[PDB]
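Chemist: Can you keep this structure in mind? I'll have questions shortly.
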DNA sequence: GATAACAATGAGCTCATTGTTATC
DNA sequence: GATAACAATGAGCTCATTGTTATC
Ligand SMILES: *C(=N)c1ncn(CC(=O)n2cc3cc(-c4ccccc4C(F)(F)F)cnc3c2)n1
Ligand SMILES: *C(=N)c1ncn(CC(=O)n2cc3cc(-c4ccccc4C(F)(F)F)cnc3c2)n1
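Residue numbers (the authors' numbering), protein chains in the order written: chain A, 409 to 552, 564 to 1051, 1103 to 1177; chain B, 409 to 552, 564 to 1051, 1103 to 1177.
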């Protein structure tokens, strides 16, 4: 065959072809597992072929693209499968079965689904043949019993409860985490680790087409929404069987990947952050990150403490995106950058490696994400360890301020940038009880004009003034247009003899082109008014697909920035009520604690209560009989009054007694002051504290750019 | 020209060729800097060409290798340089000058030296031409003043002292850490950032040849030793000049790289670890690492806390090497492994990515590297932050136990594996005052035989028994022979028709080959006794180049394991004396502190000393007048008796007073017991505590392998 | 004579999924 | 009907230096 990375079976193509099998390995980890496993069986009858990335989607793919596909052509040649032929069986194939050994995660499900879509689309009569298609399943968590899915381990862990302490848990998350002993064990018990997809009814083809057809996007939207809106009716897939159905496989395993794709691509409507960005922000807050550290070190910290399950390179890219601030990017970045994080020249693609760029938290990160609100959000628990919250609750809607664009499965978003000051003013208007003024997208550092061509369709026109010498000077490019891309466009246009010459004086922050064209062409353009039209100085901004996650976790669509603002306003008012209640409770507890401390210190110094040479039980009994309030048999009493008898001897002094009394009175006064403030007042105070800081940030950045 | 990545100057090859310049960029970071810098000058007259890695060494390189060198051929074609021609000037060259823009670190010096060696070797008359060769120098630390070398910043920082608090320091360590503003400034002030090598006398060629000649290895040994054995006569190179000399450049800049290469390749003779391994071990100890974590997370932690200046991939490889335990590897690994860390199949090369392998500290790591000794070692300070010690001091010589092999510049080592038990027995023999028995290399899990051929030249032979059926079964391979390598050797030998057939039953831990050869060939081999000779079952172990760093930091050579053992014994006896003295001092201070605490508590309870409602100054004055010993004006007195008045009110109870008295007596008795023990007794106790653990470790690993 | 094995260093390059919207 | 671009993901692979010492 000559395929570079094919371990073709020795008995492939002969009288034993229908007894052979091909393993569509998902890289090199599965191949390492196979090297040790297949030796424990009839290796002459087993083939292996790794897959580089995610296979091609051959439904929407053109004939040219499919033919120019090394992976697809290689697998077809190995299996002896021809597009033109119509195989009713494995008679003409070089193999009798085709097994897919991918990871036991969402991307493994996607790879299996893509292979199934390939086979079904081109040879639909081969999926109907029992046993032709197969999957290899491996455990992900072991308690040496083996669990093939995370929920089962959680279900088993919950059922066992305190009995898990006697069990040692090993997590085989990636498919490369298993060595040779695991490979031998798995391939000895092949029946337990080999399920063959079975075609029962006509709904299997319908499910495959729906999952992998370009015309069934709305059916996928319904798929994901119905899955996410079920009350325990998810019906997770079990692996104790060996006759997985195609429709069952789709609806129970591919839906998990599609939901995960939507979750990681679509941003929350409250904090505006995706789960990875939220993990980075949460880790940065946990560190109290205020001094720049290498982005790679931050990525390692996030992986260790935020339970990030993906590779560092993705984490580095996420941090870089969080820190970038060029035009067409974050309006108010939450991470400060120190290095080459990318510029408008290449649209943020021209950034140094993570080993060269440093980052920290911006001075305004904690004026938007208030520290107090860290006490009222709900925190996820990914395998016991506490992890990022379900969503942060900033002072202003950061989904609108920073803008986002992501592609899920069934859903995709595009949220432009809006002025933080316009948003703050609208929030104050709502707080006062007024109405909301319309908001159009706003990008910082953009000297052009953004006009609303239609509802949710704006046009940003990069400014270019025609100098009175036959040349045209381009000073600002439209949003989303990069200086190198414009240089390429100008070179291509000159190759067509449309511009005589052009000179570039572009800094990494400002754009300056000078284009000289034929005088006749320039005059015609000026007369027709298409100077900016023909120079690509108008680009679109689409606000017609504002798709996000509401607080309940459902993917919703918003008509424009006003709907987002109103929903955020309601959720944020509720959470400000929660924060005020939490602060009131904490202050009340602190005041009670300090009142008890002052009473104890007075009763000790005054001699009414004596502690010197007192048995622990007797002293605690006396303290209880005196009515002192506990503030966590023998252990319970010791922990209750650890704050009364755990106070250093410094506190039994005139100066320290006076300081403690002052502390109690300060706590009481602060509680009284807080009891007279409503959530609207707290929100207004936060907004008035945040607005001047945003104004100063914009002024400082403008001065830096002008310098 | 058609060179893929050449930004050839527009005026190259014309009447202005001698005014052009070529920048031999060291990759993509320097190219990013150039894109922004060269635009601030006559870009028509400047070319750029990145270099992938370290250039070729064209002295020892054969003609075939040099010709088959895209980099060298590319640069020669770009410059219009032909090997055959003898250029006396830049008249026939397409450029007038050749500038090298590499990082301002040791590897940048190596790249510049390699380019100079190229030019000198092939066209020696071009280095004599003033201004042909040039370098571009950039700052590494800035205090916005710019420093071009780390010592200058340290010298400036020391000179300033407390005045550095008003300065903000930015570290441009890598050459990709500088963006466009830095590039613009550097290429505006080109004279300050462009030094041209000048050829003054005949010593310049001698220095270049010595540094880059295959026969000047001993001259390089003398170079490094003389550099390392100078008392402030290093004469660090300064960049305030613009006429760097070739000999001066070599002896002041390339020597730094050579010394760094030797430092990072040669292991210390005390702890047996190289600086990177020492940093990993130190970071693991700092974490108190006892639960497995991803190797990538460990690498990030080491980079953040051990001031590791290199990339992660190197750190991942170092951790993997520290954890590996296959035959021909660590006898007693200091890091426990959980995953695929590599096997004897590929000699440790078949290990999973750092994202899939977990590691922690082995149960015996802290029985060799005793925690107490952590208090008596000297800790480095790399830019203020405290870093790994100059060397750890284990209980046994881990340089001998684990074996090492590294290549420096001028020096190279090869230390085999010796039995930890033989080493322990020899250490006990020395402690008793006896002599040392000879030691031959020992590898765990090796069933072959290691016999000393000459002084320091051992031969390891794996076991292969000629079964009584015309076939030979190989059950062990010689140290350093990998199962896949042996499979390749057997396939190649069969291709020559020497073995009729062979079958492999090799597990990732044990070897089992069965080779059937022609009966005549087998009979002839048996008669001649060359069965193992012809099957590559004998291999060499060279103990004739045991090169290490003694405690003083000088590279020394040791005749055999006995010299290493004796030197380690002396240093370790000194350090055990240091540890006993430190422990005695700490125990004495603790006993004094606790006796003072008991006196204070007794005085307080008995009423002799009253603290209730006492001014801070008066109480501290009374405590001082009562003779209480401080144990860190107003601040000094407050900190001295923070341990007295900082006692909790718990301590003023019968039970807690009795517990404190018991603690004081326990401390006093422990000090008395320690005062009667000599350093030899402490070392003997440590060795007797370590030996059974090593025996149990070997037994457990043997059982695991057998299973 | 010239390779070959050994370890600590070093970075860009490769392209498919998924949905919207506009050109083409 | 066929491309283009947008972002979150995914891993192998390429080869030089430096010194020793055996075998081709
Ligand atoms: C047909 N035209 C076809 N079939 C399958 N494919 C995909 C393909 O050829 N291919 C996917 C990848 C992915 C990478 C890559 C790039 C960056 C990061 C990671 C990776 C990955 F390998 F891990 F996936 C590189 N090359 C290819 C080739 N096309
Ligand atoms: C002549 N035959 C010649 N001149 C220069 N070179 C070196 C060369 O062609 N080359 C070195 C490298 C290094 C890598 C690599 C591999 C792993 C990690 C990092 C790197 C590095 F790029 F960063 F250096 C890859 N390709 C080459 C090519 N030969």
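In this text, a Cβ means the ideal position worked out from N, Cα and C, and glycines have one as well.
(1) If you draw a straight line from the C-alpha of residue 887 of chain B to the C-alpha of residue 955 of chain B, how long is it?
(2) So what does DSSP say about residue 977 of chain B, is it helix, strand or coil?
(3) Answer yes or no: does any C-beta atom of chain A fall closer than 7 Å to that of residue 735 of chain B?
(4) Taking the alpha carbon of residue 702 of chain B as the point to measure from, which residue in B/1154, B/973, B/808, B/1108 has its own alpha carbon closest?
(5) Using the three-state DSSP reduction, which class does residue 429 of chain A fall into: helix, strand or coil?
(6) Just checking my contact of residue 783 of chain A with residue 1167 of chain A at CB under 8 Å: how many whole Å lie between their CB atoms?
(7) Spatial neighbours of residue 1178 of chain A within its chain, please: C-beta separation below 7 Å, excluding the five flanking residues on both sides.
(8) According to DSSP, which residues form a beta bridge with residue 873 of chain B?
(9) Cβ closer than 9 Å: which chain B residues qualify as neighbours of residue 759 of chain A?
(10) Verify whether the separation of the beta carbon atoms of residue 760 of chain A and residue 736 of chain A is less than 7 Å.
(11) Which of the residues in the region 885 to 897 of chain B, read from start to end, lie with their CB under 8 Å from any CB of chain A?
(12) Just to confirm my understanding: we take residue 698 of chain B, look at its own chain, exclude 5 residues before and 5 after, and list those with CB closer than 8 Å. What are they?
(13) Whole angstroms is fine: what's the gap from residue 794 of chain B's alpha carbon to residue 707 of chain B's?
(14) To the nearest angstrom, report how far apart residue 987 of chain B and residue 863 of chain B are at their CA atoms.
(15) Taking 7 Å as the threshold (beta carbon to beta carbon), is residue 722 of chain A in contact with chain B?
(16) Drop a sphere of 10 angstroms on the beta-carbon of residue 798 of chain B, count the other beta-carbons inside from all chains shown, and report buried for 16 or more, exposed for fewer.
(17) Taking buried to mean at least 16 other C-beta atoms within 10 Å of its own C-beta, is residue 998 of chain A buried or exposed?
(18) For residue 1020 of chain B, count neighbouring Cβ atoms within 10 angstroms of its own Cβ and tell me buried if that reaches 16, exposed if not.
(19) Taking 6 Å as the cut-off, is the CB of residue 464 of chain B close to at least one heavy atom of ligand 2?
(20) Given that residue 1125 of chain A touches chain B, what residues does it touch there, using C-beta distances under 8 Å?
(21) Does the region 515 to 528 of chain B come within contact of the region 439 to 458 of chain B, defined as at least 3 CB pairs closer than 8 Å?
(22) From the DSSP output, in three-state form, read off residue 757 of chain A for me.
(23) In the DSSP assignment, what residue or residues form a beta bridge with residue 770 of chain A?
(24) Return the first residue and the last residue of the beta strand (DSSP E) that residue 469 of chain B is part of.
(25) Report all residues from its chain with a CB closer than 8 Å to the CB of residue 635 of chain B; omit the five preceding and five following residues, and keep chain order.
(26) For the region 483 to 497 of chain B, list every residue whose C-beta sits within 7 Å of some C-beta in chain A, in sequence order.
(27) What residues from chain A crowd round residue 1030 of chain B, counting only those whose CB sits closer than 8 Å?
(28) Going straight from the alpha carbon of residue 487 of chain B to that of residue 501 of chain B, what length do you get?
(29) Pop quiz: residue 1034 of chain B and residue 1124 of chain A are said to be a contact at Cβ under 8 Å. What is the actual Cβ separation, rounded to whole angstroms?
(30) Whole angstroms is fine: what's the gap from residue 989 of chain B's alpha carbon to residue 962 of chain B's?
(31) Could you check which residue in B/867, B/881, B/859 has the C-alpha nearest to that of residue 873 of chain B?
(32) Kindly identify the DSSP beta-bridge partner or partners of residue 538 of chain B.
(33) Three or more C-beta pairs closer than 8 Å, one from the region 567 to 575 of chain A and one from the region 483 to 498 of chain A: is that the case here?
(34) Listed in chain order, which residues of the region 447 to 462 of chain A have Cβ atoms closer than 8 Å to some Cβ of chain B?
(35) Below 8 Å between beta carbons is the criterion; list the residues of the region 698 to 715 of chain B that meet it against any residue of chain A, in chain order.
(36) Residue 460 of chain A: beta carbon under 6 Å from a heavy atom of ligand 1?
Modeler: Taking the geometry as given:
(1) Translated into the one-based positions of the second chain, residue 887 of chain B becomes position 468. Translated into the one-based positions of the second chain, residue 955 of chain B becomes position 536. Cα to Cα, residue 887 of chain B sits roughly 21 Å from residue 955 of chain B.
(2) Within the second chain, numbered from 1, the residue matching residue 977 of chain B stands at position 558. The answer is strand: DSSP assigns residue 977 of chain B an E or B state.
(3) Here the question's residue 735 of chain B lines up with position 316 in the second chain. No, because no Cβ of chain A sits closer than 7 Å to the Cβ of residue 735 of chain B.
(4) If you number the second chain from 1, residue 702 of chain B lands on position 283. When each option's Cα is compared against that of residue 702 of chain B, the closest is B/808.
(5) Indexing the first chain from 1 puts residue 429 of chain A at position 21. It is a strand residue.
(6) Counted from its first residue, the first chain places residue 783 of chain A at position 364. Counted from its first residue, the first chain places residue 1167 of chain A at position 697. So it is a contact: roughly 6 Å between Cβ atoms.
(7) Past the boundaries of the shown model lies residue 1178 of chain A; chain A is included only from 409 to 1177, so the question cannot be answered.
(8) Here residue 873 of chain B is taken as the residue at index 454 of the second chain, counted from 1. Looking at the DSSP assignment, residue 873 of chain B forms a beta bridge with B/876.
(9) Taking the first chain and counting its residues from 1, one reaches residue 759 of chain A at position 340. The answer, in chain order, is 437, 440, 595, 596, 597, 598, 599.
(10) Translated into positions along the first chain, residue 760 of chain A becomes position 341. Translated into positions along the first chain, residue 736 of chain A becomes position 317. The answer is no: Cβ separation not under 7 Å.
(11) none
(12) As a position in the second chain, residue 698 of chain B is number 279, starting the count at 1. These residues qualify, in order along the chain: 721, 725, 726, 727, 806, 807.
(13) Here residue 794 of chain B corresponds to residue number 375 of the second chain, with the count starting at 1. Here residue 707 of chain B corresponds to residue number 288 of the second chain, with the count starting at 1. One C-alpha to the other measures close to 15 Å.
(14) Within the second chain, the letter at position 568 stands for residue 987 of chain B. Within the second chain, the letter at position 444 stands for residue 863 of chain B. Their backbone Cα atoms lie some 23 Å apart in a straight line.
(15) For the purposes of this step, residue 722 of chain A is identified with residue 303 of the first chain, where counting begins at 1. For residue 722 of chain A, the answer is yes, since a Cβ of chain B falls inside 7 Å of its Cβ.
(16) For the purposes of this step, residue 798 of chain B is identified with residue 379 of the second chain, where counting begins at 1. Exposed is the call here.
(17) Reading the first chain from its first residue, position 579 is the one you call residue 998 of chain A. The residue in question, residue 998 of chain A, is buried, as its Cβ has 16 or more Cβ neighbours within 10 Å.
(18) In the second chain, counting from the first residue as 1, residue 1020 of chain B sits at position 601. By the neighbour-count rule (16 or more Cβ atoms within 10 Å), residue 1020 of chain B is buried.
(19) The residue you call residue 464 of chain B lines up with position 56 of the second chain. True, at least one ligand heavy atom lies under 6 Å from that Cβ.
(20) Against the first chain, residue 1125 of chain A aligns to sequence position 655. By Cβ distance, chain B contributes 1034, 1035.
(21) no
(22) In the first chain, residue 757 of chain A corresponds to position 338, counting from 1. Strand at residue 757 of chain A.
(23) Here residue 770 of chain A corresponds to residue number 351 of the first chain, with the count starting at 1. Beta-bridge pairing links residue 770 of chain A to A/760.
(24) Locating residue 469 of chain B in the second chain gives position 61, where the first residue counts as 1. No beta strand (DSSP E) contains residue 469 of chain B, which DSSP labels as neither H nor E.
(25) Reading the second chain from its first residue, position 216 is the one you call residue 635 of chain B. Closer than 8 Å at the Cβ level, and outside the excluded window around residue 635 of chain B, lie 628, 629.
(26) none
(27) Position 611 of the second chain, counting from 1, holds the residue named residue 1030 of chain B. Per Cβ cutoff of 8 Å: 1119, 1122, 1123.
(28) Counting from one through the second chain, the residue named residue 487 of chain B turns up at place 79. Counting from one through the second chain, the residue named residue 501 of chain B turns up at place 93. C-alpha separation (whole angstroms): 6 Å.
(29) For the purposes of this step, residue 1034 of chain B is identified with residue 615 of the second chain, where counting begins at 1. For the purposes of this step, residue 1124 of chain A is identified with residue 654 of the first chain, where counting begins at 1. Between residue 1124 of chain A and residue 1034 of chain B the Cβ distance is about 6 Å, and since that is below 8 Å, they are a contact.
(30) Residue 989 of chain B sits at position 570 when you count from the first residue of the second chain. Residue 962 of chain B sits at position 543 when you count from the first residue of the second chain. Using only the alpha carbons, I get a separation of about 22 Å.
(31) Mapped onto the second chain, residue 873 of chain B falls at position 454. The candidate whose alpha carbon is nearest that of residue 873 of chain B is B/859.
(32) Numbered from 1 along the second chain, position 130 holds the residue referred to as residue 538 of chain B. According to DSSP, which records beta bridges pairwise, residue 538 of chain B is partnered with nothing at all.
(33) no
(34) none
(35) 712, 713, 715
(36) Stepping through the first chain from its first residue, residue 460 of chain A is reached at position 52. Residue 460 of chain A: yes, Cβ under 6 Å from ligand 1.
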